[PDB]
Amino acid sequence: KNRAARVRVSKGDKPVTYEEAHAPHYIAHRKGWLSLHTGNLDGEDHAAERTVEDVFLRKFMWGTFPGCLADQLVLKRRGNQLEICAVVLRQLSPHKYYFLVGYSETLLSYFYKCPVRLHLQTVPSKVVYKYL
Amino acid sequence: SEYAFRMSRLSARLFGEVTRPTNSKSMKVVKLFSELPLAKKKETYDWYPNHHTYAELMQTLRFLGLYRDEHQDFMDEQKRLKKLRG
Amino acid sequence: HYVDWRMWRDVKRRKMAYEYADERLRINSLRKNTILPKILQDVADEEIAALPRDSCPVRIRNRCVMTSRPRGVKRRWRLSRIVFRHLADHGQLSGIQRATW
Amino acid sequence: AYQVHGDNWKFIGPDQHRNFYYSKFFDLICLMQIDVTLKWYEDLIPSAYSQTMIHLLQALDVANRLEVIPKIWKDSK
Amino acid sequence: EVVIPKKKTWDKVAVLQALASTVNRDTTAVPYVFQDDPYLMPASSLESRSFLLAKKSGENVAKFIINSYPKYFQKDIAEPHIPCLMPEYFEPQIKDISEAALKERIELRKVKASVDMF
Amino acid sequence: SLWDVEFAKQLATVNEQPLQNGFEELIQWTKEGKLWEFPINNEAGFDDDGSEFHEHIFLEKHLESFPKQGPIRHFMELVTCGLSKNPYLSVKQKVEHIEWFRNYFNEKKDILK
Amino acid sequence: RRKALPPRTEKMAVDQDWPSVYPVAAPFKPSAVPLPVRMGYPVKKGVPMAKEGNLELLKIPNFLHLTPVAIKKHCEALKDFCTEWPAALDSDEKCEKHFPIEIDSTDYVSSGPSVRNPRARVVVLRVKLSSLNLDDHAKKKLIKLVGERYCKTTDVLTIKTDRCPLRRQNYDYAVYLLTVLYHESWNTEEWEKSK
Amino acid sequence: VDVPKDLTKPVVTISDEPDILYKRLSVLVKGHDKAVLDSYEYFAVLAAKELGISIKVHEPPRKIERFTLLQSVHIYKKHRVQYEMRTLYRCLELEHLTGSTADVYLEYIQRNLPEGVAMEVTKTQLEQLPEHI
């Protein structure tokens, strides 16, 4: 009996997402990686910094877009340029959405001394894979 | 052989290393001054970015009122409860 | 706002070792050299002995960054085994697969 | 209008001037067949932004192309 | 005897100018500054104005935070040092009439100039 | 000059307009230079002030104030060898190393044994 | 309260410039993409997740951009600028005759904010001595001096340069080293004559 | 209907210095997704053959590194967990390639990278002999 990044089977009243449902040993078999960089590859370096500041990015953006997201993020770092992809709901106003978009993008760029971009996908209700 | 000894001398003069003979305790000097010590290597200098910076920024931004930090919310809620209950 | 006072001490040790890195190597070479005078070797010996504490790179420890666990930490990622397993299961990091070979 | 239409598109600038320009442009194009006009329009509607639609409606009326007005109203809505 | 093609020199932006001139403007698509999803899709002139103005206001907020707390972003982690990304310094130095006068044209205000004339 | 700079900046503010292409965004990023410079030489900048390989390696000019026989000569030859072998630090740091060694054995010149 | 307009699927026509609507690399944006492509493990009596909430499609790298049409267009565009290789240089023996001295550097490219990496400094070079020295004493002297930098099976001498951090410094040092090596192999000594 | 009249072409200058002659552009792309690498190398070879240069393809072996961590926290030594980083190589070699062609091609490819990939360039160019020799 192992407990690792997996949801307990309940009576059947727990909507779950794809990755939130599937186990951590199918990350390559039936899932994709949340992040894509080369520090893990051989010969590269600074992978520790990559991971640490990626965790920081995830936490900061999760807490500066609270209650709107419904899934984990997608990182995409091509050379210099950084890209983040998110999914959110449409309860708040596009005014606030764009204001926070610009604010967060500027903060990330000024902090990392790096060109950054961020995209969001709107949803009326978070997509559920199964009822667990 | 003296011929090979002088060949090595010439090769050392050409490629930079010492022509004169030298012990291992003496080549310690050259290899130390070639290789950088861990004391100044970046792997030791920057073991991680500063929680000073991180926590100060996040606290200041909380005070701005943009990052709803659930963790400190729970913490100071329990703190209010404790100071109410004595 | 480091995790704990032991992390604080380790970071101070790293600071000292860095800001006296070159000089320590210089005098250590002056000590371990062989042909120079033994009196000079001893001079450099008491010099290193009088150098302050927390200045050597031997007292430092490659501790963890987040949970500050000294053991079970990989040099490359700098993370503890526990946090590494956590992120590997949650798929946070990139291009790591379970070795079901 | 076609004559007035390299990197000389920077001189538009403010949204107010861009609005006036596009409004008068589409108005002249409507009050000029109108198949090419509606082609240009259905091409630039997402990029582009009441009076213009009124001119469009009267142009479609004089054209007698009844089948087109529904889609235009649906796009405006 | 031997033929050799001659060398040429390009601007870093010229290649991308070529790549851009290669492709025409996107058809039936809002400006690139605006997002792509339909909910955030600005569907009117006034609301689009307000939207990109909110974005500019966020930019100004970023300027304010950086010039209020420069020490946080002081770290030059990026290998190429960029003053556009470095924090901004409108801080008068210690009392020094000559250096203060030289700094007048740097600070771009009027109270410093009144005090210096005084 | 200054008033022509005011004129130029206001002209630029008149020119600036919203882009409509990711290629235009890339053009802007390259304009400010934050976007990396292809081909990646890994050395666009950090030229070491036009230093030279012989300036790095040949320390014979920096070695003048001691004969060519003594143990100080031996040690400083080993030093210069290691310095030339090390690429990471530049001629500046090499010169500071040499100067500190000079100061060291000149303040401990009392022996010469 | 607010409601989102329907996607661009019905709006986009079958005749369409995909290289124009996707000039650069970008996310999948299913709302703009008309294709019903789905990806995901289907449940028994089920199917993969629809493109709307399909986030693993975003997880994976994206290649809708740079279609074959876009590639053809960009190649036809940039052929205006590409140059031609000399037709005289069409064989290894001919090109090594024209320019014997081979030299090659190398470096990685990786994602991240920083770009410097010390491996940029190392370079290597190669030259065959069968045609360059033009004499016997000097070549015997050179092959005696060099310890392992020679290869007589393929008959090419190869040497690396890594002592300098700068690529151009490595280059200049290698050139000067080869020059001084030739000038020092030219002459000889009495202890070398006595063997 | 909107069809631009004058397409802005960048300026170009053919300087007096002769262009450099690259002889082997041997690129080695390391990644994780074999399909991504296949698409990328197809893209590369297609662009190369449309620009009018020679090409060749071959796939070096897969390299894997695994290391064992403790499955549990406090005391369980028999029960461990394993991991593996798989790197896949793909090589592409180009011969007899002019310097400016190299410039344009490397700009194109370096802008057209995907995210989770590394790439090592090895450039071999022949040159004449010095004058001091």
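Per-chain residue numbering starts at 1, and chain names A, B, C, D, E, F, G and H are given in the order in which the chains are listed.
Here, a residue touches a chain if its C-beta (ideal position, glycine included) is under 8 Å from a C-beta of that chain, and two chains touch if they have at least 3 such contacts.
Per UniProt, the chains are A = Small ribosomal subunit protein uS3m; B = Small ribosomal subunit protein mS33; C = Small ribosomal subunit protein uS14m.
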item	value
Mutual neighbours - chains that touch chain G and chain H alike	A, E, F
Chain separated most widely from chain H, comparing mean CA positions	D
Chain F and chain G, separation of their C-alpha mean positions in angstrom	27
Chain A and chain F: spacing of chain centres that average the CA atoms, whole Å	40
Per-residue multi-chain contacts in chain F, two or more chains	20-23, 26, 34, 36, 40, 44, 46, 57, 74-75, 84-85, 88, 97
For chain E, residues that touch 2 or more chains besides their own	4-5, 8, 17-20, 23-29, 31, 36-39, 52, 72, 77-80, 82, 85
Shared interface positions of chain A, touching two or more other chains	19, 31-34, 36-41, 43-44, 48, 52, 72, 76-80, 83, 90, 94, 103, 112-114, 119, 121-122
Interchain pairs in contact, sorted by label	A-B, A-C, A-E, A-F, A-G, A-H, B-C, B-E, B-F, B-G, C-F, C-H, D-E, D-F, D-H, E-F, E-G, E-H, F-G, F-H, G-H
Chain G residues touching chain H - in the complex, by the definition given at the top	25, 60-63, 66, 68, 71-72, 74-76, 78-79, 81-86, 89-90, 95-96, 98-111, 132, 175, 178-179, 182-183
Chain F partner contacts - residues on chain A that touch it in the complex	79-81, 113-115
Complex contact set, residues of chain B against chain E	49, 53, 56-57, 60
Complex contacts: residues of chain E adjacent to chain G	2-5, 8, 18-20, 22-29, 36-39, 41, 43, 77-80
Residues on chain F engaged by chain G in the complex (per definition of touch)	21-23, 26, 36, 40-44, 46-48, 51-54, 56-57, 84-85, 87-88
